[PDB]
Structures are given as structure tokens and as C-alpha cells.
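Take a look at the letters that make up each chain.
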Amino acid sequence: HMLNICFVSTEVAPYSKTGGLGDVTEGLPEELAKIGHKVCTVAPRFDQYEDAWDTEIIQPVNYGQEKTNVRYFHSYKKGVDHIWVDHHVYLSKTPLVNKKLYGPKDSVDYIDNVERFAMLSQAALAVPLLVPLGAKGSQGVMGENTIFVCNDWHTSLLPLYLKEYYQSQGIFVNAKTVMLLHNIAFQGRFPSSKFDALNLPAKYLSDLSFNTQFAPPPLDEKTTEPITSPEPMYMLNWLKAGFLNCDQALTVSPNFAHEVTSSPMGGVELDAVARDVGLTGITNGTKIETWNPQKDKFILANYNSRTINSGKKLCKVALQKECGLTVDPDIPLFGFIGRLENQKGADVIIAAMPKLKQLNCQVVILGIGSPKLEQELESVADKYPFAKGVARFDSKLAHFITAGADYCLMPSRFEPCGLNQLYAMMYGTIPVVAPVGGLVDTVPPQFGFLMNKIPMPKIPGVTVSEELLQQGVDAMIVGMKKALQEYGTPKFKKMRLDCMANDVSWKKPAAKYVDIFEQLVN
Ligand SMILES: C[C@H]1O[C@H](O[C@H]2[C@H](O)[C@@H](O)[C@@H](O[C@H]3[C@H](O)[C@@H](O)[C@H](O)O[C@@H]3CO)O[C@@H]2CO)[C@H](O)[C@@H](O)[C@@H]1N[C@H]1C=C(CO)[C@@H](O)[C@H](O)[C@H]1O
Ligand SMILES: Nc1ncnc2c1ncn2[C@@H]1O[C@H](COP(=O)(O)OP(=O)(O)O)[C@@H](O)[C@H]1O
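Residues numbered from 1 in each chain as written, not as in the entry; some residues may be left out. Chains lettered and ligands numbered in written order. Heavy atoms only, no water.

## A few points about the pairing of strand β14 (residues 362–366)
Argument step 1. Counting buried residues along β14, 5 of its 5 residues qualify, which places the element largely inside the surrounding structure.
Argument step 2. In β14, alternate side chains face the same way, and those of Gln362, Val364 and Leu366 on one face and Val363 and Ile365 on the other are all buried.
Argument step 3. The handedness of the β14 to strand β15 (residues 387–390) crossover, carried by helix α13 (residues 371–383), is right-handed. (Buried < 20%, exposed > 50% of the residue type's maximum accessible area, 1.4 Å probe, protein only. Helix = DSSP H or I, 4+ residues; strand = E, 2+ residues; numbered from the N terminus. Right-handed = clockwise from strand over helix to strand, strands pointing away.)

Right, dumping it as C-alpha cells:
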């Protein structure tokens, strides 16, 4: 019958979000509540969310070696309890709303992320014991028969604290932990000198231990250059410890799970740990409410599969005009939306421009990240009239692109699942994607086209060489040409309808989570 599920993360859309993590922790818990399970999320109170009330509960926790208290705020929406951990170090980092969750600059992290996120894991464990759930806390607390779902490296110490602080005294004796991995590139690698700040005994030292040549940039809150080394140096790795201490490790697509366990490249050095522990993938779904052509509240014309020829053409012409491009619904249009970071291959699209004019297509690119990627992005229209770059976070334009574009272009170098392609398919927009991770799972040949592989930099941190960049360009264009060969044909029309008929909701994947959860507690 009824499961008790407590999701712990740094992000819960629409309150806090830097990407897909927030969308999953919004959508999956809502679907689980819909099925009838008791579900809550726990995350930091980064802003004074209007629908959240102070519960008046205070809980002592450690902020590094300092003893401190958190307060818990509580909101309730669509059958899900959202618990927010309140502390000066979460709220007062910036007056700006839903910005700078992980650091002040783009790639730069707060020095004190160790203390901040260790404190989150400690604070979350008390929630099932203390916070009354339901509409206005009428349902009482979740209790000890709880499954903690730890999302990504930020919460990966929770299983250690569960054992050390609770189960060692006979509390939560039957509670379970699930490590839900969204992205293996970030693992909570910290210097070993930060061990004392965790307030854990030495019995967990071996699980935390790690050797590598690739450290993140040093904890000085400005330096952006990662520390590569000729020698392999000793450090801590939170995600490793999380894998070794959880009851089960999951991730966000079967093919990504395969990649992680199959090689040091795919698992970013945690492949053997993932193999040892076992790692299963479940492809993300998505919510339909905000993203569907029938009810979309931003685009110029709503449509469904029957009226796609009318409404989508109008959206296309609207996108074209909005971007300063020649208005003509017969020119195939490619749209990119994503972080301007190595993972997503925005640098490949920009570098591909000289070769792209030959294809007789339009390209629209929307993203934020590196100052000089953003500067390059905005300059693209000058040299290339068929293309347009916009360096902003802009939901309205994202909606215009998803509806108006013929193709959704994702030249990712790695992609645990991806969300753009799911949205795109619901709008009848055809994905053209890199053959990596969950893009392989979500875009079979009936729905879209695969590129050749976009090659990674020879080592992390190292800016990709002009050599490998150009291989990516060629690899992307192979995929685009495959797609353009069918553009405008009866097969094109059919592929759009097949995309729109493709069910990408949380219904099926949520059911798979429930099966895994039921096995853990029985
Ligand atoms: C979009 C992405 O958001 C989250 O990733 C965070 C990192 O967790 C956080 O540490 C920070 O990363 C910086 C890092 O700390 C720093 O040392 C390094 O030099 O620069 C990094 C900045 O790029 O910020 C990022 C971005 O906000 C989540 O942890 C990720 O899971 C999430 N992406 C995932 C999520 C999903 C949803 O399931 C997948 O669909 C998607 O394929 C995958 O990319
Ligand atoms: N500049 C932007 N403006 C608006 N939305 C964006 C922008 N960049 C990314 N997004 C949205 O953020 C989400 C990113 O999710 P996903 O595709 O899983 O990539 P990530 O790896 O960043 O999580 C998508 O839903 C995408 O539509």
C-alpha cells in the first residue's frame, strides 16, 4: 500500500531551479502523490517563498564544526509537501530570487559548500520525525518507515548521517536510502582537509577516499581554472561514499547507467564503484501542464496534432520575426536551448556557422554561461544572417523556439537524460541529438535523428582543441543532413505526428520507481 517517500535536493521547481534536476523533483513527486503515496521534498530555503509558512520547529545541526539551528518552513501543493530548510547561509547569499544557488559566478562555487550541503543532509533527516504533513499539517509526521531519495552529490552524505546519527541509536532502523544520480560529472570532490567539517567518525574515511589527477578549482571563491595534476592526488568524494552507503543507486536513463558502469570515461572515474554497487536507469518523464501546444500560455497560436499545419506554421513565422530572421515557413529551422557549457556543445554550433550556410536552414540559439561564449553568441547574427543568438534566460523565447522550430538540436557531449527533446516531441518538433546517454533512449528512429559522437576534451578542464571542436562540427552536421533529407516530405509530417503521440509523462517511469521502492521495504 502507501509508501513514505522523502526527496532531498538543492532544487525544486518552480521555487528553485538551474536546470533539469528541479523539474524532476517537481514532476516525479507529484506523480507519486497522484498514485496515492505520501511524498515530501526537502530543500534549502533560498528565498522567502510566499506560499510557505514557518512551522515554528527548530532543529540543532552542525555547520562545519559550529553548532547551529535550522527552522523549517512548509508549503503544500498538488498533494506534495515541500519542506524548506531555513538558515542565514541559504537565504542571505544574494537578494536576487532563484540565482546563485551554488556560487557567485558561473563556474565558481561558494567556499562553504561543504558546510552548507552537509547541513542540508542533517536537517532533512529530522523532517520525517518532526514536520506534520498535509494541508496545514493536519496529517501528522511521515515517521520512521521512510525512503529517502537523495538527489545528486549535494545530498550524498545523507546515508552516512542516517547510519551514524540515527540508526546507531535505533531510530530509522527500517528507513531506506536511494541515491538518485542526475549527473556524474559533479561528485562532491573536496580536499581531504575538509574531512573534519563533516562531523563523521573515521569509519567512513575509506568510503569517502579517492585518488585522481582532476580536482575542481580551489576553494577561494574566484579561481575558475581546475587543478589538473601529473600525479594522482588524495581527496574526498561524497558521491562515492553515497554510492557505497545507500540501499540502492538509480539514475535517469538506462543507457546512461550503462555508460557509467562501462568505463572510466563514462562514469568519470566512478565506474567501478557503480558496478560494485549496481546502478539502474529509469528514463525521466515530464509534466504536461506548462509544456504542451494545446494550452501553452506564451506562444502566438495553440495547436494539437490535427491543427499542427495551421498553428505551428504561425508559431514558426512568429519565431522567425522575433529573431530577425527572414520570414518563410519553408526554410527548415533548428533550435537550441541550453547552458553554454562543455556538456551541451553550444561551442560546436557557433563554430559550425561557416559550414552551415550550405545547408539552407535557420538556427536559433538560446543559453547562458561563459561570458565569452555569451559574447560570441550575440555576435552570430552579424556574420550569419540565417542564425540568431540570445544570451539570456528567457522562458517566453524558449516556448517560441520549442513550438516554432522544426528541429530541436542537442549536440551534447554527454547527457544523462535531457529534457528539451521531450518537450520538443510534445510540440511535434523533431529532435536531432547526439548519440549519448538518455538521448539514445528517448529519440529512437521513429521520432528523430542521431548525430555522430561529439568528442570530449582530451582531459576535463582543458578547453577543447580546435581539432576536436571541428570533429564535433562535422559530427553534428551529419545528423542535421540526415534530418534535412526528409524535411517537408510525407515522412516529415508523419514523424511530427508520431512525436506528438509519444507519451513522455511521469506515469510509466513513476510506476518503475514504485516497483523499486516496494522491493526495498519488503
Ligand atoms: C543542470 C544541472 O544542474 C545541477 O548541476 C549543478 C551542480 O550540481 C553544481 O555543483 C554546479 O556545478 C558547478 C561545479 O560546482 C563547479 O565546481 C564546476 O567547475 O562548474 C559547475 C557549473 O557548471 O552547478 C551545476 C549547474 O547548475 C544538477 O546537479 C545536475 O543534475 C543538472 N543536470 C542534469 C539533470 C538532469 C535531470 O534529470 C538530466 O536531464 C540532465 O541530462 C543532466 O544534465
Ligand atoms: N537560457 C535558457 N532559457 C530558458 N530555458 C532554459 C535555458 N537553458 C536551459 N533551459 C531549460 O532548462 C532545462 C534544462 O534541462 P536538461 O535539458 O535536463 O538540461 P540540464 O543538463 O541543464 O538539466 C530545460 O527544460 C530547458 O528548456
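Back to the text.
## Digging into the packing of helix α5 (residues 158–166) against helix α7 (residues 238–245)
Argument step 1. Packing of α5 against α7 leaves a shortest axis separation of 8 Å and a crossing angle of 55°. The angle between the axes of α5 and α7 places the two elements in the oblique class. Between α5 and α7, the residues in contact are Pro159, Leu160 and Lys163 and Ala241, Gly242 and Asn245, respectively.
Argument step 2. Of the residues assigned to the contact of α5 with α7, the class counts are 3 nonpolar, 2 polar and 1 charged. (Axes fitted to C-alpha atoms, helices over the stretch in contact; angles between N-to-C directions. Parallel < 35°, antiparallel > 145°, perpendicular 65-115°, else oblique. Contact = heavy atoms within 4.5 Å. Nonpolar A, V, L, I, M, F, W, Y, C, P; charged D, E, K, R; others polar.)

## Some points on the site of ligand 1
Argument step 1. The environment of ligand 1 is made up of 23 residues, and the closest members are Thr18, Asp109, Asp152, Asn284 and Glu415.
Argument step 2. A distance of 2.6 Å separates an oxygen atom of ligand 1 from a polar side-chain atom of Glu415.
Argument step 3. For ligand 1, whose unbound accessible area comes to 810 Å², protein coverage reaches 89%.
Argument step 4. Its residues assigned to classes, the shell around ligand 1 shows 8 nonpolar, 10 polar and 5 charged. (Near = heavy atom within 4 Å. Polar contact = N/O pair within 3.5 Å; in protein donor to acceptor, adjacent residues only side chain to side chain. Areas by Shrake-Rupley, 256 points an atom, 1.4 Å probe, with all protein chains shown as cover.)

## Things to note about the pattern of salt bridges
Argument step 1. Counted by the stated rule, this structure contains 20 salt bridges.
Argument step 2. When the shortest N-O distance is used, the salt bridge between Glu322 and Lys396 registers 3.5 Å. Highlighted residues: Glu322 in helix α10 (residues 308–322) and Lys396 in helix α14 (residues 395–404), separated in sequence by 74 residues.
Argument step 3. Using a relative accessible area of 39% as the deciding quantity, one classes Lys396 as partly exposed. (Salt bridge = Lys/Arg side-chain N within 4 Å of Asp/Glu carboxyl O.)

## Digging into the sheet that holds strand β3 (residues 53–63)
Argument step 1. Reading across the sheet, the 9 strands line up as β3-β4-β5-β2-β1-β6-β7-β11-β12 and stay open at both edges, with mixed pairing between neighbours. Two strands in the sheet have a free side with no partner beyond their single neighbour: β3 and β12 (279–281). On average, each strand axis in the sheet is tilted by 25° relative to the strand beside it, whichever way the strands run.
Argument step 2. Here helix α3 (residues 113–125) sits on the sheet and contacts β1 (4–8), β2 (38–44), β3, β4 (66–77), β5 (80–86) and β6 (147–151); the angle it forms with β3, its principal contact strand, is near 125°.
Argument step 3. Helix α8 (residues 254–262) rests against β7 (176–181), β11 (248–251) and β12 of the sheet, and its axis sits at about 150° to β12. (Pairing = 2+ DSSP bridges.)

## A closer look at the state of the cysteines
Argument step 1. Applying the stated rule across the entire model yields 0 disulfides.
Argument step 2. Of all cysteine sulfurs, the one in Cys150 lies closest to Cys246, which takes part in no disulfide; the gap is 8.1 Å.
Argument step 3. Look at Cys246 and you get buried, because its relative accessible area is 12%.
Argument step 4. With no disulfide partner, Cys361 has as its closest neighbouring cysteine sulfur the one in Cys323, 14 Å distant.
Argument step 5. The buried category is assigned to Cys361, whose relative accessible area is 4%. (Disulfide = S-S within 2.5 Å.)

## Concerning the UniProt feature "binding site: ADP" (unreviewed entry) in the chain
Argument step 1. The feature "binding site: ADP" (unreviewed entry), as given by UniProt, occupies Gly20, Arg339, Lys344, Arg392, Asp394, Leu419 and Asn420 in the numbering adopted here.
Argument step 2. Inspection of the secondary structure puts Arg339 in the loop between β13 (333–337) and α11 (346–351).
Argument step 3. The exposure class assigned to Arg339 is partly exposed, which follows from its relative accessible area of 32%.
Argument step 4. Within the local environment of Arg339, its side chain forms a polar contact with the side chain of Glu341, the two groups lying 2.8 Å apart.
Argument step 5. Among the polar contacts made by the side chain of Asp394, one reaches the side chain of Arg392 at a distance of 2.6 Å. (UniProt positions renumbered as here; feature names shortened; annotations may be inferred.)

## As for helix α18 (residues 490–501)
Argument step 1. Under the 1.5 Å per step criterion, the end-to-end length of α18 is 17 Å for 12 residues, consistent within 8% with the ideal 16 Å.
Argument step 2. For α18, the complete set of buried residues consists of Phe492, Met495, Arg496, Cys499 and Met500. Around the axis of α18, the buried residues are gathered within 135° of arc, so they sit on the same side. Projecting away from the buried face of α18 at angles above 90 degrees are the exposed residues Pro490, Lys491, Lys494 and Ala501.
Argument step 3. Buried positions along α18 lie against α10, β16 (407–410), α15 (420–426), β17 (430–433) and β18 (449–450). (Expected span 1.5 Å × (residues − 1). Arc of directions from axis to C-beta.)

## A closer look at the site of ligand 2
Argument step 1. Lining the immediate environment of ligand 2, one finds 20 residues, of which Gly20, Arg339, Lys344, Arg392 and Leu419 sit closest.
Argument step 2. Interatomic distance of 2.9 Å between a side-chain N/O atom of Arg339 and an oxygen atom of ligand 2.
Argument step 3. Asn420 is positioned such that a nitrogen or oxygen atom in its side chain is 3.1 Å from an oxygen atom of ligand 2.
Argument step 4. Protein chains shield 89% of the accessible area of ligand 2, which is 560 Å² for the free molecule.
Argument step 5. A class-by-class count of the residues in the shell around ligand 2 yields 6 nonpolar, 7 polar and 7 charged.

## Examining the sheet that holds β16
Argument step 1. Read from one edge to the other, the open sheet built from 6 strands follows the order β15-β14-β13-β16-β17-β18, with strand pairing classed as parallel. The open sheet has two edge strands with one neighbour each: β15 and β18.

## Looking at helix α17 (residues 466–484)
Argument step 1. The end-to-end C-alpha distance of α17 is 27 Å, a good match for the 27 Å that 19 residues give at a rise of 1.5 Å each.
Argument step 2. Every buried residue of α17 is accounted for by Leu468, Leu469, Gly472, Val473, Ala475, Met476, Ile477, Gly479, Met480, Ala483 and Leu484.

## Structural notes on the side chain of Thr177
Argument step 1. Mapping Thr177 onto the fold places it in strand β7.
Argument step 2. In this structure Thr177 comes out as buried when scored by relative accessible area, which is 2%.
Argument step 3. Setting aside its immediate chain neighbours within four residues, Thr177 contacts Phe148, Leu158, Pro159, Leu162, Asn245, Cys246, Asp247 and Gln248.

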